[PDB]
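Notes for the one structure printed next.
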Amino acid sequence: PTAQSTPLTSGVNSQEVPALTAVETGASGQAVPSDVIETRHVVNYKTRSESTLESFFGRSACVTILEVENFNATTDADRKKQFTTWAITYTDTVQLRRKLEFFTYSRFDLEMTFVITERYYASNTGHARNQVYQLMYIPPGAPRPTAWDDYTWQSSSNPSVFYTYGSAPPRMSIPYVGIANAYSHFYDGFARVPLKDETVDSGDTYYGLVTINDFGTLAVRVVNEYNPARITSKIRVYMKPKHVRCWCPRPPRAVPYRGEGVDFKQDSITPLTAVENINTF
Amino acid sequence: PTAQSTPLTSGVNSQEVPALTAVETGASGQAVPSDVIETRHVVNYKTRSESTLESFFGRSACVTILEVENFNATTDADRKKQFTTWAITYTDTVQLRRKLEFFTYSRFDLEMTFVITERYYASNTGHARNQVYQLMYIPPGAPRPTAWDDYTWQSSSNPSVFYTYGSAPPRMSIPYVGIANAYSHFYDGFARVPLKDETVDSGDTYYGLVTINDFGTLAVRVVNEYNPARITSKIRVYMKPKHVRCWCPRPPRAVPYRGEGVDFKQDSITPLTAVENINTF
Amino acid sequence: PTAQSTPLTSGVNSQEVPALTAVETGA
Amino acid sequence: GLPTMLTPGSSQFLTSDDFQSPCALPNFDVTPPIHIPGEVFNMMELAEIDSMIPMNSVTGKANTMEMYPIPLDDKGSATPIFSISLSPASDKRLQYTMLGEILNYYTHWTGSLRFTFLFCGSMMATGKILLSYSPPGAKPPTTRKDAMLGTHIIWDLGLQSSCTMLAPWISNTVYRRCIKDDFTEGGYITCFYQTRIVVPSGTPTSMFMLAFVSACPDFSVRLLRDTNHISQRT
Amino acid sequence: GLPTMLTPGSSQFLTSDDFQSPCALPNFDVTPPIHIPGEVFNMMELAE
Amino acid sequence: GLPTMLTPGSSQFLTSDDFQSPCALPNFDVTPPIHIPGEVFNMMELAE
Amino acid sequence: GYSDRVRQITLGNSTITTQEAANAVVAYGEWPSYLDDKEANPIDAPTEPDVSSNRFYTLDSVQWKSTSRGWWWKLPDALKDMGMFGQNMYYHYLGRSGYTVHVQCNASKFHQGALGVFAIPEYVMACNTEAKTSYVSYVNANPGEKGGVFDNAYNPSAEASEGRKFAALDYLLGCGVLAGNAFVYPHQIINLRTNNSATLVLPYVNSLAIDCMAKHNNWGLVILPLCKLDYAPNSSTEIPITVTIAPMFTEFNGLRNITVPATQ
Amino acid sequence: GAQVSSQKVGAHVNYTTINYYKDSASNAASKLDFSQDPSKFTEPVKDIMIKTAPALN
Amino acid sequence: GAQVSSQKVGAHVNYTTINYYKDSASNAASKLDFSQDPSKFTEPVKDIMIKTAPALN
Amino acid sequence: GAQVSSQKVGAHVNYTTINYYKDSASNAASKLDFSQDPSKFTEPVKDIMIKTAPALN
Ligand SMILES: CC(=O)N[C@H]1[C@H]([C@H](O)[C@H](O)CO)O[C@@](O)(C(=O)O)C[C@@H]1O
Ligand SMILES: CC(=O)N[C@H]1[C@H]([C@H](O)[C@H](O)CO)O[C@@](O)(C(=O)O)C[C@@H]1O
Ligand SMILES: [Ca+2]
Ligand SMILES: [Ca+2]
Ligand SMILES: [Ca+2]
Ligand SMILES: [Ca+2]
Ligand SMILES: [Ca+2]
Ligand SMILES: [Ca+2]
Ligand SMILES: [Ca+2]
Ligand SMILES: [Ca+2]
Ligand SMILES: [Ca+2]
Ligand SMILES: [Cl-]
Ligand SMILES: [Cl-]
Ligand SMILES: [Cl-]
Ligand SMILES: [Cl-]
Ligand SMILES: [Cl-]
Ligand SMILES: [Cl-]
Ligand SMILES: [Cl-]
Ligand SMILES: [Cl-]
Ligand SMILES: [Cl-]
Ligand SMILES: [Cl-]
Ligand SMILES: [Cl-]
Ligand SMILES: [Cl-]
Ligand SMILES: [Cl-]
Ligand SMILES: [Mg+2]
Ligand code: NA
Ligand code: NA
Ligand code: NA
């Protein structure tokens, strides 16, 4: 299937007036060049292959950067650097989020890929043996780790991936896991109805998708015990929507995001650069 | 095969009384919504796919953490750090054990996976060449190592896996190896009958599965001789039951374990948090 | 191919004596 | 060799993977199977079995056999006999039922819940009891006249010892979450004297009923997870 | 094993690649689809 | 190349494994067999 | 005419009647049976004692009080000194048996109370010392027809030697699970307003075709007061609970001299 | 000796299995078994109980 | 169970797919879907509008 | 040239072998051979001995 060919047409002198319409109806303009000019025949062999939803979304996009370290931790703050937990979301970054938010609802499977990098914190503290990472998916309700070596990492039921530093970026597929018939990119509502004369706080409650969304937690650790040399790591998380369906198109984000909601920032709501004149080519 | 659809039903005025029963019979309540309310037709397309025994058990769970080291050992205690032996069991950890103990008897093949990690004990003792590990399965009766480099590691008949540090986690399948027609998760008995007036000690004998179970021993060493740099290693052992059958369901463990038996701990037998009132939503 | 099954048998009172042999034969 | 190219995921250990692996004991002759009674195929089979709700887990009764029996008497109070939220995984009383324990290995649940009540007074005790399920979003019922506006059954005590009240599947979402969650709240189960319990002389004036919960055949669970009900020291 | 030989590209992560990968949640029962109004198939539908 | 993905067990040496391996002496002509008395097939023959 | 409440059971020379039953349970829906040739293990011709042993044996009665926390027995332990069943059990290395369990407790239309009656495969119970694990004497594990009682308190022993008995803690079913979940086991309830008896028919249950009866109990029998006994004219009244059990489809292998277990 | 079977449905066909090993213990997970008989636990009664009839007659 | 499909044309044939996994979520990208109906967004009007006719008559 | 053979039974089908090498020495283990004749060691006697008959007549 190709984009439209142009038919051979000459002029008209007619009560047929395809150049005029009434967009008050809610219909866009429909006229094509053959309606308003003399056209040659042009066979169009070109296709819209690369603007299908699968083609538009068919990319692994970075959605977050996590940090973990491996060293002899002697304080609570340093013990908390030996592992990390991240509430799974696409709102830490802007690029994939903006593409998804062309749509109100979506349904897709997810390819998740990870890029893991290290550096030495210091020299003259010797070296570090090659590190193994555990990335554990903690679904909502499953116990979250409070230490890098607590019982939760035995991961009998939670999916974990063990990644060996220097190996190919690890990767797995996630089904469409939504508890609705599609994912909502926007939710104009609340998690509960506040009722007449109830004592429950109404002063510090939130609004929209943040009140109802929960895709669980990614927990990451270095499995190795500490070397004399402190190693610091970054884990970049990549998402590719595949087997994609989307519904109810939206205008795209025109101004910077300032969090997980649709809120905008007072110093960043002037996207257009003023033209010198309405008559500027 | 799907979970039950709901039929279209209206009201009743009838000598048929599906709302009443007598659970003294040992039958659970059987009534469904269409027995006690007006129902619409709802087609149920949902399945119990993820609660089949294969789905419930279809996870590699950590069952133990072993330790081995590689350094120039000059004492008996330090020589014993160059290798480790572990009686194979699922009772060192709680998560897989509790899932298995929903059942009295089981039959399954086992996927065993290992995650091997290292750290430098110290800096300024130079470096260590990449280490090879031997994990030897010693069936009951086969000779157990007394040193990391004794004759037992030649492993002519015992299965061994040689693992190169930094390679993919090693993995092998074990058949259903039980000497009975199923594994017993619980055994209400003894290994022998103590007889009238025998001189055999009855004061320090044990009870239950611990008196009869023996799945042999895992022996682990670093194959390499010592470097100037002491390396300490952890071997995490993972088990996944596959091709699973189970019999005779049990209430799950409600309070902490305190060993290989069903025993409970006096300070940890109050699992419920008291409610303020019987009328607390 | 399996190891040998055991047949149903009762007692005997017989001149057939499978319990006795002579291992001098090398059997 | 056959030209190949490694993709992302290569050499990872995903604990929910499903691959073949070499057998450590090749040519091993497994013990022949025999028929054993009580084979289980699905955890939802176990969810359909009645187990007792520790409905009276108040101070002094929690973690005793007295946590199960629901106090009844012949006084005909207008106060509710018991009140509990339809939160079968997370509620302090439902979480330790057999259904609750199974739900705490899953993230999502759907379907109808069956509440079966066994009256354990004397044969000479009579009574009518209202059992109600109120789907969420309105004032939680604390009076019979609010409770009776919801899904309910009037139980006549008699020769048939037991009455089943259904919490039919009534939800916005196709699944609820196995956690305390406003968005997937399930509503309110309550119980009132419809008349009162009546006894003649020489008969106990206070007695108990037992409450059981089980899943209906429309019930299913998804998204395997670790439970918060077992842990160990490290 | 089957004799094989790795080619250039081996172990790379190309963000526009199109490969299979193991599922972290095997045997997962996705929520049944229902008809939702306003399905989009092509970004050029929005351009019109 | 054919896209592949290494699984757990990759590169391990299990002493009870049962894999093919390249022959160090290809096209070698083994000594023809002859009948020898006393062939054994099963250790249980010796147990009897 | 025929009623779920009225039942006769005849095995050998013994008959039970009840006029206030509540149906009968067949554990896991399976009637007991003899061991098929295609599932057999020991190869000696078995002893099948039939009517000599497959008959109702009545245990010593226990007293249900307002303060009772419950009772347990193990099988075949509870029947080890019962007529020819006991003799066949101890003259053989191996035995298998199903059972008809008939629990009897009558009162009046003015009494109230409810007993949970549970048949538990591999009923392993906690020991009463925290100095050891799985530390129970053969003698304390195998009390015979007297069985044991539950307690509502856990008081583990100061010394390991004094704690070699079960910690039969009622609300943890003596084994670290909540008693409210015992209904996953084959059960009936004796609710005094409804019924005066429970009947459970048990097949042989094990991971083996046949096993050492003197080493291994296949079933626990648990009777828990779910709702306490109450009687307005006398709160201190006691009513008997009587347990009557018939072995069924008994089969024994490995005949020799008689087993005489240690009594201390 | 390739087996072609139905996949578990996702957001929006078949898959191929070849067994590489001589031991069934080496095989991937058993195929989904939807078998169930809750009645052996929920209703293990000798005499049939009709829901609409009295439990005790 | 090999699928043979047309490749996307380059500068100057077919390709083969075998699914290796039991979950459709594991599969590579959906095949090109050229479906479209711009009119549900560009002309969602109750009464048909003929281009050559007046929009309002 | 794929061989499809019966697997050794586990707790609860077939497997495929292709030989990759031109030398049989490269092949995996020989298939299970249940052949036996214990009598060549347990009863290597010239004259048949009937179990029920006297060994020496
Ligand atoms: C993260 C970072 O900046 N690390 C730097 C460290 C830290 O400042 C330590 O505090 C002191 O070693 O100092 C260096 O001089 C070093 O150790 O060779 C350079 C190194 O890059
Ligand atoms: C396991 C452990 O704690 N090792 C530590 C060692 C040991 O204390 C040795 O006894 C002395 O080297 O000391 C260090 O300062 C070192 O060597 O660089 C840090 C290192 O992490
Ligand atoms: Ca027009
Ligand atoms: Ca024209
Ligand atoms: Ca670490
Ligand atoms: Ca009924
Ligand atoms: Ca109806
Ligand atoms: Ca070494
Ligand atoms: Ca002879
Ligand atoms: Ca390869
Ligand atoms: Ca006989
Ligand atoms: Cl880094
Ligand atoms: Cl771990
Ligand atoms: Cl969701
Ligand atoms: Cl301008
Ligand atoms: Cl380590
Ligand atoms: Cl060696
Ligand atoms: Cl065993
Ligand atoms: Cl509370
Ligand atoms: Cl595989
Ligand atoms: Cl309390
Ligand atoms: Cl691929
Ligand atoms: Cl091979
Ligand atoms: Cl006795
Ligand atoms: Mg006696
Ligand atoms: Na065209
Ligand atoms: Na259905
Ligand atoms: Na045979």
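Numbering of ligands and ligand atoms starts at 1, following listing order. The figures here come from the full heavy-atom set of this structure, side chains too, leaving out hydrogens, waters and symmetry mates. Residue numbering restarts at 1 for every chain, and letters A, B, ... go by the order of the sequence lines.
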Inset, instruction - Assess the pair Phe115(D) and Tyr133(D): is the distance between their ring centroids shorter than 6.0 Å? - result: no

Legend entry - With the Ca ion (ligand 5) as the apex, the O/O angle for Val222(A) and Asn224(A) - to 10°: 90°

Legend entry - Plane angle bin for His127(B) and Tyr120(B) - parallel if under 30°, tilted between 30 and 60°, otherwise perpendicular: perpendicular

Legend entry - With the Ca ion (ligand 6) as the apex, the O/O angle for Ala53(H) and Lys51(H) - to 10°: 80°

Inset, instruction - Check the surroundings of atom CZ in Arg79(A): do more than 12 heavy atoms from other residues, nucleotides or ligands lie under 6.0 Å from it? - result: yes

Legend entry - Qualifying residue for side-chain hydrogen bond (donor to acceptor under 3.5 Å, both in side chains) with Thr232(B), from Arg119(B), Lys81(B), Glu69(B), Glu118(B): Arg119(B)

Inset, instruction - Please find out if the Ca ion (ligand 6) and some N, O or S atom of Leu20(B) are separated by less than 3.0 Å. - result: yes

